[PDB]
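Each chain is listed here by its residues.
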Amino acid sequence: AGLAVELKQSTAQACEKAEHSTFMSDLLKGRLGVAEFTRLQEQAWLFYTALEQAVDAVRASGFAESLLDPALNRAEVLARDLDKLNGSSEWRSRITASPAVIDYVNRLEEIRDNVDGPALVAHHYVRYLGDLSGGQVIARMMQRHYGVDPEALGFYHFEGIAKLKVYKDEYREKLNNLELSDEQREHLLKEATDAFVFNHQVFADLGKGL
Ligand code: COH
């Protein structure tokens, strides 16, 4: 009863486990630096590119159109942040995908090629709402601990979204307003737990140096 609530309760466990990753613990508690965080955003640009391709394909099908806000696009802003973070655009000629990111990218392409709307909304919820929530905390700890230029953190700032609290409330309303069959609803709820597992292994690779 209530998709936004049912999503938040089903993934509440994995969400708490997502803040406890070894890489993300060291990163926010001041133990790493600008270099390791730049590695995070380089993997992010890889699967955020594959995600928004799936978003574009699902949006063109007319599924969850109001939810797939283009103002949430992160790939270009990441490319603009990686230019500053690397001090040069020559990161594009040497990006590498850790195994878990490749596994994350393959699934997002699978959702794209199947135009799997409900599975897309699951990944859309897990990444973007995390960006609009924990990403605000991650962005602050980057400035506080490492003095990163606030303009190399544009990934965590949404220029189309002034009131983040209002928008996150508006986002959950569109989640509750989605017209999903019981088959679609379970498929979405399962992929959401899958989406957290995909991210968890991305951060396990980062902490392992893969
Ligand atoms: C340092 C804190 C921190 C970290 C590292 C973090 C890391 C991640 C992460 C990395 C793997 C992912 C995929 C997410 C994904 C999410 N986070 Co956070 N989150 C964090 C603090 C929060 C906070 C605070 C909220 C607000 C709601 C809540 O339940 O706490 C949050 C909410 C979310 C939501 C929305 C829940 C809802 O309202 O339905 C998603 C999705 N997330 N988060």
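Residues numbered from 1 in each chain as written, not as in the entry; some residues may be left out. Heavy atoms only, no water.

- In terms of determination method and resolution, the entry is listed under X-ray crystallography at 2.30 Å.

1. A look at the side chain of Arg-107
Here is step 1: Checked against the element boundaries, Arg-107 lands in helix α6 (residues 99-114).
Here is step 2: On the accessibility criterion, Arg-107 (16% relative accessible area) is buried.
Here is step 3: Filtering out sequence-adjacent residues up to four positions away, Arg-107 remains in contact with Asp-116, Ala-119, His-123, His-187, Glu-191 and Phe-198. (Helix = DSSP H or I, 4+ residues; strand = E, 2+ residues; numbered from the N terminus. Buried < 20%, exposed > 50% of the residue type's maximum accessible area, 1.4 Å probe, protein only. Contact = heavy atoms within 4.5 Å.)

2. Re the site of the ligand
Here is step 1: In the vicinity of the ligand, 16 residues are found, and the nearest of them are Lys-8, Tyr-125, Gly-134, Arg-172 and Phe-203.
Here is step 2: In this structure, an oxygen atom belonging to the ligand sits 2.4 Å away from a side-chain N or O atom of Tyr-125.
Here is step 3: Counting atoms within 2 Å of the grid points, the majority share of the ligand lands in the largest pocket.
Here is step 4: Elements that contribute at least two residues to the shell around the ligand include exactly α2 (12-18), α3 (22-28), α7 (117-131), α8 (134-146) and α10 (182-208). (Near = heavy atom within 4 Å. Polar contact = N/O pair within 3.5 Å; in protein donor to acceptor, adjacent residues only side chain to side chain. 1 Å grid on protein atoms, 1.4 Å probe; cavity = no way out; pocket = protein on both sides within 12 Å on 5 of 7 lines; lining within 4 Å. Sits in = over half its atoms within 2 Å of the grid points.)

3. Concerning helix α9 (residues 164-177)
Here is step 1: The first and last C-alpha atoms of α9 sit 20 Å apart over 14 residues, in line with the 20 Å expected at 1.5 Å per residue.
Here is step 2: Within the span of α9, buried status applies to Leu-164, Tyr-167, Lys-168, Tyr-171 and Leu-175. Mapping the buried residues of α9 onto a view down its axis gives an arc of 100°, with all of them on the same face. Exposed residues lying more than 90 degrees from the buried face of α9 are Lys-165 and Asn-177.
Here is step 3: Of the surrounding elements, those touching the buried residues of α9 are α1 (3-10), α7 and α8. (Expected span 1.5 Å × (residues − 1). Arc of directions from axis to C-beta.)

4. Looking at unusual backbone geometry
Note: most residues except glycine have negative phi, and most peptide bonds are trans.
Here is step 1: Residue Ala-64 is not a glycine yet carries a positive backbone phi of 50°.
Here is step 2: Mapped onto the elements, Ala-64 comes out in the loop between α4 (34-60) and α5 (75-86).
Here is step 3: Notably, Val-115 is not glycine yet its phi reads approximately 50°, a positive angle.
Here is step 4: Residue class for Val-115 comes out partly exposed when judged on its relative accessible area of 37%.

5. Here we look at the nonpolar core
As a rule of thumb, nonpolar side chains are buried together in soluble globular proteins.
Here is step 1: Membership of the largest hydrophobic core comes to 68 residues, with the highest contact counts inside it found for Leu-40, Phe-47 and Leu-175.
Here is step 2: The dominant element in this core, judged by the number of residues it contributes, is α4, at 11 residues.
Here is step 3: Every residue in contact with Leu-40, bar those within four places of it in the chain, is listed here: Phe-23, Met-24, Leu-27, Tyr-156, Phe-203 and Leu-206. (Core = buried A, V, L, I, M, F, W, Y, C linked by side-chain atoms within 4.5 Å.)

6. Observations concerning the side chain of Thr-11
Here is step 1: Among the secondary structure elements, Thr-11 is positioned in the loop between α1 and α2.
Here is step 2: At 2.8 Å, the side chain of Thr-11 forms a polar contact with the backbone oxygen of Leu-7.
Here is step 3: Sequence-distant contacts of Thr-11, defined by excluding residues within four places in its chain, comprise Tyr-125, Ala-192, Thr-193 and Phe-196.

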